[PDB]
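# Report on the structure
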Amino acid sequence: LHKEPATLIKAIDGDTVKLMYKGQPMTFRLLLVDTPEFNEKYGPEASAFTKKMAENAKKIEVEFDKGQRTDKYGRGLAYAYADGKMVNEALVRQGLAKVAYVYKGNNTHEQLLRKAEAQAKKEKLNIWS
Ligand SMILES: Cc1cn([C@H]2C[C@H](OP(=O)(O)O)[C@@H](COP(=O)(O)O)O2)c(=O)[nH]c1=O
Ligand SMILES: [Ca+2]
């Protein structure tokens, strides 16, 4: 897999963000994770976490997996990075997302994220508290 450039257009919530990619606006949904909706417990914390990570970043990149690159809603499916740090992983490590939506053929970083979820659970962080 490889990283490609994008720029932030707007934070949306914990697991979706509006980025410009190959010069076009797109909503990206983060692969392999599920944040609470804003209206749910830890939703506002998840939104804030992703917003801060994306806005503070000097460099945003997206990394598509081997399979589908857009979902049935026209959302781009990617791993997102802020200054080299994967947002998907960071959310899970902080207990602000669960590993979820692991479809065959778009699951390259599954075990990395499960290891992060285990550590968040051990620490009883946020959604595991
Ligand atoms: C993360 C992800 C979601 N989806 C679809 C599955 C779910 O369909 P349904 O809407 O019918 O539940 C929805 C969950 O996204 P959200 O968590 O953003 O709601 O997005 C994919 O198709 N591929 C994916 O990789
Ligand atoms: Ca969600």
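Residues numbered from 1 in each chain as written, not as in the entry; some residues may be left out. Chains lettered and ligands numbered in written order. Heavy atoms only, no water.

In the PDB header, X-ray crystallography is given as the technique by which the entry was determined, and 1.80 Å as its resolution.

### So, the nonpolar core
Ranked by internal contacts, the top residues of the largest apolar core, which has 33 residues, are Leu19, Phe28, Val62, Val87, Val92 and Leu113. At the level of secondary structure, the elements contributing two or more residues to this core comprise β2 (16-21), β3 (24-30), α1 (43-56), β5 (60-63), β6 (76-82), α2 (87-93) and α3 (110-122). The greatest single-element share of this core, amounting to 6 residues, is contributed by β6. Excluding anything up to four places from it in sequence, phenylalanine 28 contacts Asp15, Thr16, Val17, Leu19, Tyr21, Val62, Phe64, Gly76, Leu77 and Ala78. (Core = buried A, V, L, I, M, F, W, Y, C linked by side-chain atoms within 4.5 Å. Buried < 20%, exposed > 50% of the residue type's maximum accessible area, 1.4 Å probe, protein only. Helix = DSSP H or I, 4+ residues; strand = E, 2+ residues; numbered from the N terminus. Contact = heavy atoms within 4.5 Å.)

### Some points on the UniProt feature "binding site: Ca(2+)" in the chain
Listed under "binding site: Ca(2+)" in the UniProt record, and renumbered for this structure, are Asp15, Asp34 and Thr35. What stands out for the annotated residues spanning 21 residues is how close their C-alpha atoms remain, the widest pair being 6.6 Å apart. Locating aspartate 15 in the fold gives a position in the loop between β1 (4-11) and β2. We classify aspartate 15 as buried; its relative accessible area is 4%. Ignoring anything within four residues of it in the chain, the contact list for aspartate 15 reads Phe28, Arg29, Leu30, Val33, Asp34 and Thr35. Position of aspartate 34 among the secondary structure elements: in strand β4 (residues 33-34). In contact with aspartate 34, not counting residues within four places along its chain, are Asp15, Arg29, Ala97, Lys98, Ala100 and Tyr101. (UniProt positions renumbered as here; feature names shortened; annotations may be inferred.)

### Examining the packing of aromatic side chains
Aromatic ring pairs are defined here through the distance separating the ring centres and the angle between the ring planes. On inspection of all chains with the given rule, the structure shows 4 aromatic pairs. Ring plane angle 90° and centroid distance 6.1 Å describe the contact between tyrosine 21 and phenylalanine 28, whose orientation is recorded as edge-to-face. As far as the burial class goes, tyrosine 21 and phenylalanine 28 line up, both buried. Members of the aromatic cluster, each reached through a chain of ring pairs, are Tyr21, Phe28 and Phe64. Against the face of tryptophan 128 rests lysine 121, its NZ or CZ located 4.7 Å from the ring centre. (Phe/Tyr/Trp six-rings, centres within 6.5 Å; stacked < 30°, edge-to-face > 60°. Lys NZ or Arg CZ within 6 Å of the ring centre and 35° of its normal.)

### Quick word on the UniProt feature "active site" in the chain
Mapped onto this structure's residue numbering, the UniProt feature "active site" falls at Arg29, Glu37 and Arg75. Among the structural elements, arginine 29 can be located in strand β3. Among the residues examined, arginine 29 registers a relative accessible area of 9% and is labelled buried. In contact with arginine 29, other than residues within four places in its own chain, are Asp15, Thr16, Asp34, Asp71, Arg75, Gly76, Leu77, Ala78 and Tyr101. Along the chain, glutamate 37 falls in the loop between β4 and α1. Residue classification places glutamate 37 among the partly exposed residues on the basis of a relative accessible area of 40%.

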